[PDB]
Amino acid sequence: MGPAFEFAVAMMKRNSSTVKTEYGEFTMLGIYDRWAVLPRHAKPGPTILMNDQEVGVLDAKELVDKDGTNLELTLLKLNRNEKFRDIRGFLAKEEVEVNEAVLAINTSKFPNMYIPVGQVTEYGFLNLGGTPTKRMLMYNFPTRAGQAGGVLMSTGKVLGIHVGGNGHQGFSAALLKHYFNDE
């Protein structure tokens, strides 16, 4: 099928997992080594359920910009031998707009779901649930709950992580390369 789906299936097979925390079930994306990404509201504790099996969290960083502003991403280091495929090369320096994107989701509510979203525009400031948030990306698609964590993709590019919606629009936290230079 489309080159984006070929890209998207591979990304989900090699780098994604289903995660349960105290606050729900999420798609989770492994960046490299043992570092992965959840939406901030997942609030992962000392251990998580990764594909129905308990895994310890060695470290959890909640991203904010230079000013202290929410970015709606939590990076967590997983206590497991396996390393993720290194997809930092698929992350861009700064926010990415595309004319057509796929949002991929893998949870028990939404198993193997590859949603074509269309135009992704760089949105910037958003008031998520009372919290000033920055580096939002926006796309025009009727979103539901339980989609947070979904990986927004384009052929050869990982744009961000779905972090919320409003009924006709969905919003992803941009996933920037320098977030993972080290941590």
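Quick note: we count residues from 1 along the sequence shown, nothing fancier.
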Assert higher mean C-alpha B factor (138-146 or 34-42, deposited values) equals 138-146
Chain-relative C-alpha B factor for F90 (record values, thirds): the middle
Split the chain's modelled residues into thirds by Cα B-factor; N166 lands in the highest
By the recorded C-alpha temperature factor, relative to the other modelled residues in its chain, which third is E100 in? highest
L78 by Cα B-factor - lowest, middle or highest third of the modelled chain: lowest
By the record's CA B-factor, is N70 among the lowest, middle or highest third of residues in the chain? lowest
